[PDB]
Amino acid sequence: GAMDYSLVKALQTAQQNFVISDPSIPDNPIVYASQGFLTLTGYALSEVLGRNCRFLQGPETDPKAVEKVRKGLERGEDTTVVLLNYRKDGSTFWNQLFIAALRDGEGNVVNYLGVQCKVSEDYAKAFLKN
Ligand SMILES: Cc1cc2cc3c(=O)[nH]c(=O)nc-3n(C[C@H](O)[C@H](O)[C@H](O)COP(=O)(O)O)c2cc1C
Ligand SMILES: [Cl-]
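Whatever position you read off the sequence shown (first residue = 1), add 177 for PDB author numbering.
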């Protein structure tokens, strides 16, 4: 169960920004966060473990983008969205966010994986147009 996912280890090797959540815990909080994610967001590891990643959202984040993540999770569909996120210091960035369920043999979702890619403002407008 623990980081023995090939794909998690692949992601660390590529120095990606990601978190793992555990939905058997109430509110599906973060139980792993990569150094990339911490550097991107300005948070320390002990500021994110045990928190739902919605803390990155703020008043100018689009509730429809968030709604699309929520429904993806409910319907067990992989999702990709571009949404505005906030770092610890309150500065904002556009996050191309990729979320997938990690399932066992029986089809049970044992974790979720989220990978963040920081994108430019121009990238985000173009994306959100289509
Ligand atoms: C593994 C995982 C990673 C992320 C990473 C991010 C992120 O880098 N920025 C962000 O802005 N929201 C995220 N989310 C969404 C958030 O944790 C909530 O799932 C949504 O806000 C919808 O739920 P509700 O707020 O409606 O309850 C995630 C959800 C999961 C499961
Ligand atoms: Cl969630």
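Every residue gets a Cβ at the ideal spot worked out from N, C-alpha and C, and that includes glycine.
Check: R231 C-beta below 8 Å from any heavy atom of ligand 2: yes
Check: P200 C-beta below 8 Å from any heavy atom of ligand 4: This structure lacks ligand 4; the ligands present are ligand 1 and ligand 2.
Counterpart residues of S198 in DSSP-defined beta bridges: When DSSP reads this structure, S198 sits in a beta bridge with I207, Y289.
Beta-carbon proximity list for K245, same chain, < 7 Å, skipping 5 on both sides: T256, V258
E244: CB within 8 Å of a non-hydrogen atom of ligand 1: yes
Near ligand 1: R252 beta-carbon under 8 Å from a heavy atom: no
Delimiting residues of the alpha helix (DSSP H) encompassing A301: 298 to 305
Where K245 sits in the DSSP three-state scheme: helix
Near ligand 1: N307 beta-carbon under 8 Å from a heavy atom: No, the beta carbon of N307 sits no closer than 8 Å to any heavy atom of ligand 1.
Any non-hydrogen atom of ligand 1 closer than 8 Å to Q189 Cβ: no
Through-space distance from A187 to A303, alpha-carbon basis: Between the alpha carbons of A303 and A187 lies a distance of about 29 Å.
Host beta strand (DSSP E) of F270 (start-end): If you look at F270, you'll find it in the beta strand (DSSP E) that goes 269 to 280.
Terminal residues of the beta strand (DSSP E) in which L226 lies: That residue, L226, is in no beta strand (DSSP E); it is neither H nor E in DSSP.
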